[PDB]
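A quick write-up on the structure given underneath.
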Amino acid sequence: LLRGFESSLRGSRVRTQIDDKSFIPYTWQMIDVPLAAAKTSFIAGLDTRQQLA
Amino acid sequence: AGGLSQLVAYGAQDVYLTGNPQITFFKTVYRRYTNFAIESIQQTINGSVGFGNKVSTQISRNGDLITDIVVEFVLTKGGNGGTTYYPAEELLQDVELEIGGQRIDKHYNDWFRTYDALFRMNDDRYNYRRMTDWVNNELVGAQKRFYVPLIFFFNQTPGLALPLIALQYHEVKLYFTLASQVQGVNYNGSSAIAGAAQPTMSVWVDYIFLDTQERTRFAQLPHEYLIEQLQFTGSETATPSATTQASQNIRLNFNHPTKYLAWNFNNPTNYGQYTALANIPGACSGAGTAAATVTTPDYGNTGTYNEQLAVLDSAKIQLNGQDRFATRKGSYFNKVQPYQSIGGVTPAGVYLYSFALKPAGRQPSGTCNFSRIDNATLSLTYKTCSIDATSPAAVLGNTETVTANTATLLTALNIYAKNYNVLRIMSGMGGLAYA
Amino acid sequence: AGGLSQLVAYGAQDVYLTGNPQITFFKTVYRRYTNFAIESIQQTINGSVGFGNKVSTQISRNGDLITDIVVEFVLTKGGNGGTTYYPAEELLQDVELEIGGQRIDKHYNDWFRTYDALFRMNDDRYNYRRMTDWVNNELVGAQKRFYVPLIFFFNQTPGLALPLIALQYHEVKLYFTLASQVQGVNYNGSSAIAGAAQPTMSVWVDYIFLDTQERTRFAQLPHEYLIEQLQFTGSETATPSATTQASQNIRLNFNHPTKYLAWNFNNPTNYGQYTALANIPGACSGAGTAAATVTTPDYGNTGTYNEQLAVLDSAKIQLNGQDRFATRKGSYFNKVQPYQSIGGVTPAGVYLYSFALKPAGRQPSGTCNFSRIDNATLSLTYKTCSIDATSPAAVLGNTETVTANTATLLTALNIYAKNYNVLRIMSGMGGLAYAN
Amino acid sequence: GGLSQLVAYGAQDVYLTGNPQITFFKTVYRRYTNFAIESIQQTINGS
Amino acid sequence: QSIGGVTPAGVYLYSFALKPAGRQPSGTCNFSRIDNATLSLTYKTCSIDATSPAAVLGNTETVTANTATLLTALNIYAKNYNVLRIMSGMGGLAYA
Amino acid sequence: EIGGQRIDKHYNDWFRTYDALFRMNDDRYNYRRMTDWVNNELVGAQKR
Amino acid sequence: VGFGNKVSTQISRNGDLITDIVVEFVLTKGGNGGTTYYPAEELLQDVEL
Amino acid sequence: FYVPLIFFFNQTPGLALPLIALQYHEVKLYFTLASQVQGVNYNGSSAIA
Amino acid sequence: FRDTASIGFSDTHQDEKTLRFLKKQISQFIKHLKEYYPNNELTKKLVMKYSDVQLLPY
């Protein structure tokens with residue numbers, strides 16, 4: 001009780017307790033939905049300046 | 001005769017240079033690349049733009065990747081030539097970058113000035129000044145559009161283009177704080193300028209449009225971009241005195257692998273003032289004549305290379321109780337550090353210390369990881385402020401360790417650190433690898 | 001509309017640029033590197049610092065590699081602004097680089113000035129002057145610390161950092177000669193300045209500390225560094241004259257695969273004076289008025305870009321009896337050579353002829369090996385010194401082949417050559433692959 | 001000193017120095033095809 | 001938000017807890033794991049002539065009385081949780 | 001704009017030209033009623 | 001933003017859950033003491049969730 | 001001035017809105033500001049210049 | 001030439017690490033109020049505090 005008590009000594013206040021772990025699992029939201037992507041020939045068009053007949 | 005006489009001059013000594021040749025200088029090799037286009041698209045700014053206001057914008061999904069961002073402002077001179085100093089830069093008090101709700105980075109008007117002071121140069125710097133100030137002796141009422149390029153990691157190279165395409169579920173927002181006042185535009189020192197106009201503002205983002213193959217690749221894959229971040233804290237400069245050399249041990253609240261530290265001392269009233277005022281040519285309003293007053297700078301000439309007006313005598317960085325290098329004079333950090341590491345010219349009052357071989361690049365080249373340092377201390381010794389600033393002889397003819405009595409006005413200290421982190425883009429979301 | 005309208009505009013002429021793509025620009029691959037750190041350490045200066053004195057320092061084996069070296073000097077002004085010209089440059093009369101007792105290289109105050117004139121530029125040059133001179137109109141009694149970077153091969157790139165760690169038996173030393181006089185500091189022209197202070201000096205070396213794996217390899221493995229060396233000789237200038245066009249053939253006692261030659265003509269009295277003086281702004285003390293003296297320079301403006309004040313009419317290099325190239329005018333060597341090969345601006349009176357495509361770089365890009373030349377000769381033709389330097393009408397309205405009467409004072413000629421050698425390191429000792 | 005920085009190695013540095021690929025202290029220059037450059041005057045035809 | 005009372009001017013509170021006024025822990029900031037916990041304070045400009053009630057009562061947000069410069073002492077408090085262990089007739093704290 | 005791609009764009013002048021050509025009769029009048037003041041309203045009048 | 005205007009906000013995903021929300025306003029008196037009654041409350045005419 | 005909102009989630013943490021569980025739905029607040037506020041921009045029926 | 005055996009840099013046998021080093025010692029031993037571990041096992045702590053070498057042949 002008087003000597004076996006844990007004190008907030010050096011080594012426990014190191015910055016690596018925060019900087020070594022990334023904040024990605026605490027802020028990111030679960031998606032589980034696939035992302036889209038489409039060809040450039042789908043949004044722009046077919047470029048009607050081709051041949052004639 | 002002619003060039004043939006040199007080719008024949010070939011011996012054993014030339015083997016290390018041209019024997020068993022590996023390359024040829026006469027044939028350039030370029031590589032085939034993906035097909036892409038670039039478009040500059042105007043964004044919608046939320047909140048009212050004006051002095052002292054805080055506004056923001058979400059970057060639209062017009063393209064796949066983004067790089068350069070330029071903020072346009074329209075400012076009108078509130079007085080004649082010489083009353084302003086980089087006023088569009090001063091106006092943009094700061095910008096925050098947030099992705100999906102996580103702050104990634106932040107820049108400050110002073111940082112833009114400090115950054116510029118250290119890393120831009122020559123005509124890059126001049127052209128920059130042309131986009132933020134009035135440099136052709138413009139007069140009161142002059143109206144100009146200013147362009148403030150941003151300095152976030154994706155605004156420097158396509159190499160770090162932000163993959164909006166792979167940030168399918170996250171918004172990217174920029175928060176811009178506008179200064180309450182801009183010298184020579186809406187205020188002259190502390191006095192408001194009657195009739196001053198509020199600035200017009202617009203944010204433009206330059207988008208990259210990808211072809212089918214690259215657009216698909218980006219959307220479907222996870223990405224990891226090694227990017228830069230700016231850390232910053234403000235503090236009080238131990239005020240120097242005519243009779244003593246003030247000293248100060250400043251604890252640096254920095255983390256992550258830092259390429260360099262940068263800092264300046266300034267008069268918080270006068271944007272860009274990193275040196276003392278004096279009656280020498282351009283160092284004060286009216287310098288050179290009877291009206292010279294060392295309470296106000298010649299704003300158009302706010303900066304100077306005259307280190308005599310700088311406050312810092314010497315400095316060192318101590319890490320975990322040990323000197324990281326021998327104590328060097330302030331002029332070292334002002335002239336040599338950037339000579340060696342950047343190659344431009346740093347104005348008086350602005351200092352740099354690199355932990356990197358080439359801090360001006362994007363490729364890491366040695367860093368100081370402050371997440372592994374308990375006691376990061378910047379130790380500063382200041383010059384004595386005994387020089388009568390109103391007498392150019394007193395200033396121009398003085399010693400290495402002294403400065404202007406007006407250097408005691410440089411009470412603000414801005415300490416910056418630029419470091420690396422990793423921006424992870426996965427499953428449509430962005431965030432940082434290291435907290 | 002917008003960027004998609006450019007992407008859709010695709011055809012046969014795009015194939016050579018984007019078909020079967022090899023690279024992108026939108027994602028940079030960065031290369032993971034070794035663990036190293038850089039620290040500035042003060043060296044002890046043996047000998048005695050002072051004007052005209054010699055000193056030396058051993059670079060201490062503080063780090064597992066060395067690069068940048070900056071020599072600090074503290075000087076005071078012996079007169080007002082306009083009296084000094086790169087005084088810390090003048091002060092560092094020379095520096096010798098020695099490894100294991102053998103000279104590797106040697107630079108001269110004039111080389112630093114010549115080098116600067118040709119290879120530094122823009123803000124790099126201005127910031128450079130800020131470290132060696134007084135550029136804010138400082139007055140008599142002013143005190144400044146100057147920083148003179150050295151330009152030995154290892155002082156320019158980490159790529160050639162010297163492995164002190166691999167030199168267990170050899171020390172590397174720097175020997176310095178401090179000029180007997182420095183203009184505007186302890187002398188004004190030929191006159192001594194009473195009460196002038198002696199310099200304070202310190203040599204600083206930036207050390208590279210390697211981690212365990214990298215350090216081990218450097219300590220054990222043999223190395224071959226491609227290095228630069230400066231060859232230099234002083235010659236008398238065929239004295240320019242008002243009555244004619246002096247000419248001269250200077251045999252060049254050079255060897256090794258030379259990147260480039262460089263030279264200047266000067267008045268040894270005034271450090272950095274490569275041109276004639278005249279009564280035109282900046283070309284002399286008091287220029288522009290009745291009191292102007294064309295025999296004393298405006299020291300603060302000693303250098304100039306006005307080629308009319310230079311003395312070289314034309315030149316060529318002859319190798320083993322044959323012309324290397326057709327004779328070209330002095331302005332070719334002053335303006336064109338550095339335009340084409342360096343991209344900076346060279347002051348009048350300083351000339352360059354490169355054998356290299358990129359003489360300013362580390363990587364070999366064409367060299368002239370003078371070891372295979374029995375007779376390497378620089379041929380010079382001088383301008384006629386017929387122009388009265390005290391009369392701007394004559395000074396500024398003259399012809400291509402003439403110069404100032406004061407140009408005859410430019411009696412010294414300094415010819416430099418920069419070449420490539422190999423610094424071999426093994427078993428704790430350094431060595432050069434080639435003597436000549 | 002510089003050594004106190006070297007030992008300051010962390011998770012954050014894995015992307016900078018972990019599994020190192022390159023160094024900065026050993027430049028190996030390329031051997032190249034031997035050549036010489038000569039400036040030669042051309043004949044200009046016409047006044 | 002955190003107490004439900006009314007605090008006098010010049011006294012400030014910042015809670016890390018949902019209900020700091022209670023006994024039950026409801027969120028805490030552990031400063032034993034923070035190296036640099038810094039409180040950043042920006043002060044008002046003491047431009048108001050305190051002897052003129054109009055000057056005080058009709059003024060702006062960013063200013064205060066000239067007599068406000070007399071408030072030269074700063075008192076910063078923090079309230080935390082710890083454990084008082086009691087065993088075999090004796091007690092003491094689990095953490096220092 | 002759909003998905004970042006411009007599909008179309010109208011201009012105030014187009015609305016005026018469009019109307020001039022394609023609206024008519026009371027549709028046109030009602031349109032004017034929704035975009036202007038057509039009942040001799042006076043200064044200070046407010047309208048949605 | 002100003003008197004008579006309708007404005008809105010979208011709550012960003014900075015954290016996981018949201019609770020207390022405070023709307024800050026800066027107002028200036030158009031008359032002396034005794035001429036106002038809970039004016040910031042009056043100002044926020046309505047809020048729709 | 002500060003005007004705390006009085007929606008259920010603004011009164012107890014127990015009803016905190018799980019933005020985290022609302023991944024595809026946004027939470028918005030629409031605020032209407034009064035055209036007039038007594039003692040600020042109007043005094044009875046009169047406007048305050 | 002000048003029989004110089006070692007580089008004049010402290011990296012010889014100095015522990016220029018941060019105080020996280022002490023935390024690392026708590027990894028090899030018990031990770032709690034471990035003061036009784038160095039208070040008693042001076043030999044174990046000394047063997048845990050020795051330097052490493054990497055020879056260099058001439």
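Here, A, B, ... name the chains of the structure tokens in the order displayed, residue numbers run from 1 inside each chain, and ligands are numbered from 1 in the same displayed order.
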Could you list, as a JSON list (two decimals) with C-alpha atoms, in the first residue's frame, every residue within 8 Å of residue 22 (chain B), counting only C-alpha atoms and ignoring same-chain residues fewer than 2 positions away?
```
[["chain", "number", "residue", "atom", "x", "y", "z"],
["B", 20, "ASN", "CA", 32.17, -0.82, -71.53],
["B", 24, "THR", "CA", 24.48, 7.15, -74.40],
["D", 30, "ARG", "CA", 27.17, 5.48, -65.49],
["D", 31, "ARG", "CA", 29.95, 4.66, -67.96],
["D", 32, "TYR", "CA", 29.05, 6.37, -71.24],
["D", 33, "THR", "CA", 29.74, 6.35, -74.92]]
```
Residue set, region 260-424 of chain C restricted to alpha helix (DSSP H), as a PyMOL selection string: chain C and resi 330-331+337-341+392-396
Who sits within 6 Å of region 8-23 of chain G, only C-alpha atoms, same chain under 5 positions skipped, as number ranges by chain: B: 101; H: 2-5, 9-10, 13, 16-20, 27-31
Using only C-alpha atoms, which residues sit within 6 Å of region 13-20 of chain D once same-chain residues fewer than 6 positions away are excluded, as a list in words? residues 32, 33 and 34 of chain C
Deliver the residues from the most recent selection as a file, using N, CA and C atoms, as a PDB file, in the first residue's frame.
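Wrote out.pdb, looks like this:
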```pdb
ATOM      1  N   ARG C  32      12.459   3.376 -50.276  1.00  0.00           N
ATOM      2  CA  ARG C  32      12.844   3.247 -48.848  1.00  0.00           C
ATOM      3  C   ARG C  32      14.367   3.373 -48.809  1.00  0.00           C
ATOM      4  N   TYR C  33      14.898   4.086 -47.816  1.00  0.00           N
ATOM      5  CA  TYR C  33      16.333   4.325 -47.770  1.00  0.00           C
ATOM      6  C   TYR C  33      16.963   3.925 -46.462  1.00  0.00           C
ATOM      7  N   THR C  34      18.267   4.038 -46.368  1.00  0.00           N
ATOM      8  CA  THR C  34      18.935   3.665 -45.134  1.00  0.00           C
ATOM      9  C   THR C  34      18.728   4.660 -44.002  1.00  0.00           C
TER      10      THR C  34
END
```
Tell me, in Å to one decimal, how far CA of residue 117 (chain B) is from CA of residue 349 (chain B). 9.9 Å
List as CSV every residue of chain A that is in contact with chain H, defined as an atom at most 12 Å from one of its atoms (using only C-alpha atoms), together with the nearest atom pair and the distance in Å rounded to one decimal, sorted by chain and then rising number.
```
residue,atom,partner,partner_atom,distance
A:26,CA,H:20,CA,10.5
A:27,CA,H:20,CA,8.9
A:28,CA,H:20,CA,8.5
A:29,CA,H:20,CA,6.0
A:30,CA,H:23,CA,7.4
A:31,CA,H:23,CA,7.3
A:32,CA,H:23,CA,10.4
A:33,CA,H:24,CA,10.3
```
Keeping only C-alpha atoms, write those residues as a tab-separated table (two decimals), in the first residue's frame.
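As a result, part.tsv now contains:
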```tsv
chain	number	residue	atom	x	y	z
A	26	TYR	CA	-11.67	4.73	-34.60
A	27	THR	CA	-13.01	7.16	-37.21
A	28	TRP	CA	-13.78	5.08	-40.31
A	29	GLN	CA	-17.30	3.85	-40.95
A	30	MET	CA	-18.00	0.34	-42.24
A	31	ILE	CA	-18.93	0.36	-45.93
A	32	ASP	CA	-19.35	-3.21	-47.34
A	33	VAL	CA	-20.63	-1.63	-50.59
```
What does the distance between CA of residue 235 (chain C) and CA of residue 109 (chain C) come to in Å, to one decimal place?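 Those two atoms sit 16.1 Å apart.
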Which chain A residues have any atom within 7 Å of an atom of chain B, and for each, what is the nearest pair of atoms with distance in Å to one decimal, counting only C-alpha atoms, rows sorted by chain and number, as a tab-separated table?
```
residue	atom	partner	partner_atom	distance
A:14	CA	B:374	CA	6.8
A:15	CA	B:371	CA	5.4
A:16	CA	B:371	CA	5.6
A:18	CA	B:435	CA	6.0
A:19	CA	B:435	CA	4.6
A:20	CA	B:434	CA	6.1
A:21	CA	B:434	CA	6.0
A:22	CA	B:434	CA	4.3
A:23	CA	B:435	CA	5.4
A:24	CA	B:431	CA	5.8
A:35	CA	B:168	CA	6.6
A:37	CA	B:216	CA	5.7
A:39	CA	B:212	CA	4.6
A:40	CA	B:212	CA	5.2
```
Set out as CSV a contact list for chain C and chain I with a cut-off of 12 Å, giving each residue of chain C that qualifies its closest atom pair and distance in Å to one decimal, counting only C-alpha atoms, ordered by chain and rising residue number.
```
residue,atom,partner,partner_atom,distance
C:39,CA,I:9,CA,10.8
C:41,CA,I:9,CA,10.3
C:43,CA,I:8,CA,11.8
C:58,CA,I:2,CA,11.7
C:59,CA,I:8,CA,10.3
C:60,CA,I:8,CA,6.6
C:61,CA,I:7,CA,4.6
C:62,CA,I:9,CA,4.4
C:63,CA,I:9,CA,6.2
C:64,CA,I:7,CA,7.6
C:65,CA,I:7,CA,10.4
C:99,CA,I:1,CA,10.2
C:100,CA,I:1,CA,6.5
C:101,CA,I:1,CA,8.3
C:102,CA,I:1,CA,11.2
C:163,CA,I:7,CA,10.8
C:164,CA,I:7,CA,7.8
C:165,CA,I:7,CA,6.7
C:166,CA,I:56,CA,9.8
C:167,CA,I:4,CA,8.7
C:168,CA,I:4,CA,5.5
C:169,CA,I:3,CA,5.2
C:170,CA,I:2,CA,6.0
C:171,CA,I:2,CA,7.0
C:172,CA,I:2,CA,10.6
C:207,CA,I:9,CA,9.8
C:208,CA,I:9,CA,10.6
C:209,CA,I:9,CA,8.7
C:210,CA,I:11,CA,10.0
C:211,CA,I:11,CA,9.8
C:212,CA,I:54,CA,8.8
C:213,CA,I:54,CA,9.8
C:215,CA,I:54,CA,10.1
C:216,CA,I:54,CA,7.4
C:217,CA,I:56,CA,9.5
C:218,CA,I:56,CA,10.2
C:219,CA,I:56,CA,6.9
C:220,CA,I:56,CA,5.8
C:221,CA,I:56,CA,9.5
C:222,CA,I:58,CA,10.6
C:426,CA,I:58,CA,8.5
C:427,CA,I:58,CA,5.1
C:428,CA,I:58,CA,7.3
C:429,CA,I:1,CA,8.2
C:430,CA,I:1,CA,10.5
```
Export N, CA and C atoms of the chosen residues as a short mmCIF file (atom, residue, chain, number, x, y, z; two decimals), in the first residue's frame?
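Just written: again.cif:
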```
data_model
loop_
_atom_site.label_atom_id
_atom_site.label_comp_id
_atom_site.auth_asym_id
_atom_site.auth_seq_id
_atom_site.Cartn_x
_atom_site.Cartn_y
_atom_site.Cartn_z
N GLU C 39 25.01 15.82 -38.48
CA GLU C 39 25.34 16.74 -37.35
C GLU C 39 26.53 17.66 -37.60
N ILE C 41 29.63 19.61 -36.41
CA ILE C 41 30.69 19.51 -35.42
C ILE C 41 31.83 20.50 -35.66
N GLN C 43 35.54 21.83 -35.68
CA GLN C 43 36.86 21.24 -35.74
C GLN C 43 37.84 22.14 -34.99
N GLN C 58 42.35 18.97 -38.71
CA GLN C 58 42.13 17.60 -39.06
C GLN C 58 40.67 17.40 -38.98
N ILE C 59 40.07 16.79 -39.97
CA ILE C 59 38.66 16.58 -39.81
C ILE C 59 38.57 15.39 -38.90
N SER C 60 37.93 15.58 -37.77
CA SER C 60 37.84 14.55 -36.78
C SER C 60 36.96 13.41 -37.21
N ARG C 61 37.31 12.20 -36.79
CA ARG C 61 36.52 11.03 -37.28
C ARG C 61 35.25 10.94 -36.45
N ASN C 62 34.54 12.06 -36.37
CA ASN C 62 33.27 12.20 -35.62
C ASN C 62 32.13 11.43 -36.29
N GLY C 63 32.10 11.38 -37.62
CA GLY C 63 31.00 10.72 -38.36
C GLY C 63 31.45 9.68 -39.37
N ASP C 64 30.55 8.77 -39.75
CA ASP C 64 30.88 7.62 -40.64
C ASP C 64 30.95 8.04 -42.11
N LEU C 65 30.73 9.33 -42.37
CA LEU C 65 30.86 9.99 -43.66
C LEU C 65 30.84 11.52 -43.53
N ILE C 99 44.65 13.76 -47.94
CA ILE C 99 44.24 12.51 -47.29
C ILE C 99 45.45 11.63 -47.10
N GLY C 100 45.77 11.30 -45.86
CA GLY C 100 46.89 10.41 -45.62
C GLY C 100 48.21 11.04 -46.00
N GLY C 101 48.30 12.35 -45.94
CA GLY C 101 49.51 13.05 -46.33
C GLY C 101 49.58 13.45 -47.82
N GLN C 102 48.64 12.99 -48.65
CA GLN C 102 48.69 13.35 -50.06
C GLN C 102 47.59 14.29 -50.51
N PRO C 163 34.10 8.36 -46.64
CA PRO C 163 33.94 7.34 -45.62
C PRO C 163 35.05 7.35 -44.65
N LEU C 164 34.96 8.21 -43.67
CA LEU C 164 36.03 8.31 -42.68
C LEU C 164 36.11 6.94 -42.02
N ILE C 165 34.97 6.31 -41.88
CA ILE C 165 34.86 4.99 -41.32
C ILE C 165 35.71 3.93 -42.03
N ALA C 166 35.99 4.13 -43.33
CA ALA C 166 36.78 3.22 -44.15
C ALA C 166 38.24 3.63 -44.24
N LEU C 167 38.59 4.68 -43.50
CA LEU C 167 39.91 5.28 -43.46
C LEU C 167 40.56 5.17 -42.08
N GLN C 168 40.52 3.99 -41.46
CA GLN C 168 41.08 3.74 -40.12
C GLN C 168 42.56 4.17 -39.96
N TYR C 169 43.29 4.28 -41.07
CA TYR C 169 44.68 4.66 -41.02
C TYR C 169 44.96 6.06 -41.58
N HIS C 170 43.97 6.71 -42.18
CA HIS C 170 44.23 8.02 -42.78
C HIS C 170 43.39 9.13 -42.27
N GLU C 171 44.03 10.23 -42.00
CA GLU C 171 43.32 11.40 -41.62
C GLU C 171 43.09 12.22 -42.85
N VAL C 172 42.06 13.03 -42.81
CA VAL C 172 41.83 13.97 -43.88
C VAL C 172 41.96 15.34 -43.26
N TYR C 207 28.66 15.96 -40.44
CA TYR C 207 28.89 14.53 -40.36
C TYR C 207 27.65 13.72 -40.52
N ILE C 208 27.82 12.63 -41.21
CA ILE C 208 26.80 11.64 -41.44
C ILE C 208 27.03 10.45 -40.55
N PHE C 209 26.02 10.16 -39.73
CA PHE C 209 26.07 9.00 -38.81
C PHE C 209 25.20 7.90 -39.41
N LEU C 210 25.81 6.75 -39.70
CA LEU C 210 25.09 5.65 -40.30
C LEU C 210 24.62 4.67 -39.26
N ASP C 211 23.54 3.97 -39.57
CA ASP C 211 23.10 2.92 -38.68
C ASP C 211 24.00 1.69 -38.86
N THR C 212 23.74 0.65 -38.10
CA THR C 212 24.59 -0.53 -38.08
C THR C 212 24.88 -1.21 -39.41
N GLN C 213 23.85 -1.52 -40.21
CA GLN C 213 24.15 -2.27 -41.43
C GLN C 213 24.95 -1.50 -42.46
N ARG C 215 26.83 1.23 -41.85
CA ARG C 215 28.13 1.56 -41.31
C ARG C 215 29.07 0.40 -41.51
N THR C 216 28.58 -0.81 -41.24
CA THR C 216 29.39 -2.00 -41.38
C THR C 216 29.89 -2.13 -42.79
N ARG C 217 29.00 -1.99 -43.77
CA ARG C 217 29.46 -2.12 -45.13
C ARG C 217 30.51 -1.06 -45.45
N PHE C 218 30.28 0.19 -45.05
CA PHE C 218 31.30 1.17 -45.40
C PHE C 218 32.64 0.88 -44.76
N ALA C 219 32.63 0.47 -43.50
CA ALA C 219 33.84 0.18 -42.75
C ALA C 219 34.68 -0.95 -43.34
N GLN C 220 34.01 -1.98 -43.90
CA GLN C 220 34.67 -3.17 -44.44
C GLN C 220 34.94 -3.21 -45.94
N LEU C 221 34.03 -2.71 -46.74
CA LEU C 221 34.16 -2.84 -48.17
C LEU C 221 35.13 -1.84 -48.75
N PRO C 222 35.79 -2.16 -49.86
CA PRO C 222 36.60 -1.26 -50.63
C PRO C 222 35.64 -0.33 -51.34
N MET C 426 40.51 1.49 -49.28
CA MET C 426 40.54 0.10 -48.87
C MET C 426 41.54 -0.14 -47.77
N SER C 427 41.22 -1.09 -46.93
CA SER C 427 42.10 -1.49 -45.84
C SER C 427 42.50 -0.31 -44.97
N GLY C 428 41.57 0.62 -44.76
CA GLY C 428 41.78 1.78 -43.93
C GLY C 428 42.54 2.94 -44.56
N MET C 429 42.91 2.84 -45.83
CA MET C 429 43.69 3.90 -46.46
C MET C 429 43.06 4.41 -47.74
N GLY C 430 43.24 5.69 -48.06
CA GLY C 430 42.73 6.19 -49.33
C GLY C 430 43.85 6.24 -50.37
#
```
May I have the residues within 9 Å of residue 22 (chain I) as a PyMOL selection string, using only C-alpha atoms and disregarding those fewer than 5 positions away in the same chain? (chain A and resi 10-11) or (chain I and resi 27)
Enter the distance from CA of residue 21 (chain E) to CA of residue 5 (chain E), in Å, rounded to one decimal.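 Computing the Euclidean distance for CA of residue 21 (chain E) and CA of residue 5 (chain E) yields 10.3 Å.
All chain B residues having an atom within 10 Å of chain F, based on only C-alpha atoms, amount to residues 60, 61, 62, 63 and 64 of chain B.
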